[PDB]
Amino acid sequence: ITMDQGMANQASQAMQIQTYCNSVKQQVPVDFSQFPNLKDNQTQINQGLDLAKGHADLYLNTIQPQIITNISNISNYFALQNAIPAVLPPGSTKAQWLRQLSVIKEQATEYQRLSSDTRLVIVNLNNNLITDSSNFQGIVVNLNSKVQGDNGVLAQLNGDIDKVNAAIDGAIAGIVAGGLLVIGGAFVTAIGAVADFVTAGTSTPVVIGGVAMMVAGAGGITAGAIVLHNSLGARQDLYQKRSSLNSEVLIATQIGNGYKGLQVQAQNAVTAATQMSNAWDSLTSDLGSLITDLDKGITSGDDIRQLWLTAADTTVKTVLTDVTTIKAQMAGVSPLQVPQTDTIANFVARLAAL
């Protein structure tokens, strides 16, 4: 795997999980004070949610910065590489070459360590989310049995939501991935409720996993709304369609489906994180082989100079360009203002028809 794809994929996935985590943290705790036979159930829900907000926080506060630092190291690396054929003028001895390559390999290996450590901490996050996400599911089914509801209809909703959530995830990835590397590009995010929470009275909106992301320029917002609105509506349809499910249970299940959504974002992050480490490992081995071959009679400093100048003009200029535009996108990302009583699907529906 090339350094430009590993970087493009992790940047892309990070901006999506970032948004998702923001939606986790925005979720309000449930309110069942009306039915005192559910206090134990409320408590359970809200303790589970705080675990979900804990995982979200850990991602934004510990993992995201390392991802940002990684992107900056890719630039560090290639700028150091381009600089060597300038620091070592045409005479330069084999010794000089061995010292320079050995030094930049050291620096690169250190970047490999940051990236592999990151992969390891995302893996561990995911594993803890799988457990924490599976336990929440049981807190929902416990509540459902306590209101003598059908566990079978509940199950068919969870299954139906999981399939749609994957469609959403898919389209969002498509939007971000397709605009990520456009030189002037930016992104806007939208966080809203997965279901209507005002037509009937009791208002507990569920924004966890209720998300949308679009290109900020031109008619990017509209263009974005169009590919997103189908999948988003489909989900809202499933929570609004007539069902035997208690309302209190419908809330906890909405939350629970968002919780699941968080863990799938983590699993997507494992994938991207793995790809970026492998890109670093492939790079440190190539450097490793370059040193080894200079050390034998196979290559020379003059040959490496040649190889890194044609690289500096062709494949490196590309990478360094993308690194600039990627750091811009991630730092530039901006949130759309969503009306407090709106839904994410309705919001996007209306933006899609402008």
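When you see a residue number, it is the position in the sequence shown, counting from 1.
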* To do: Output the stretch having the higher mean C-alpha B factor in the entry; the candidates are 200-208 and 135-143.
  => 200-208
* **Mean Cα B-factor comparison, 88-96 or 74-82, giving the higher one as deposited** => 88-96
* Residue selected from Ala218, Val264, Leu120, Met214 by maximal Cα B factor -> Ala218
* To do: Would you mind finding, among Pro65, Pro36, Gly54, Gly48, the residue with the largest C-alpha temperature factor in the entry?
  => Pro36
* **Where the record places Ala331 (Cα B-factor, split into thirds across the chain)** => highest
* To do: Compare the C-alpha B factor of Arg113 with those of the other modelled residues in its chain, then answer lowest, middle or highest third.
  => lowest
* **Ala352, C-alpha B-factor rank within chain (lowest, middle or highest third)** => lowest
* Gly258 - Cα temperature factor, lowest/middle/highest third of chain -> lowest
* What third of the chain, by the recorded C-alpha B-factor, contains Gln44? -> highest
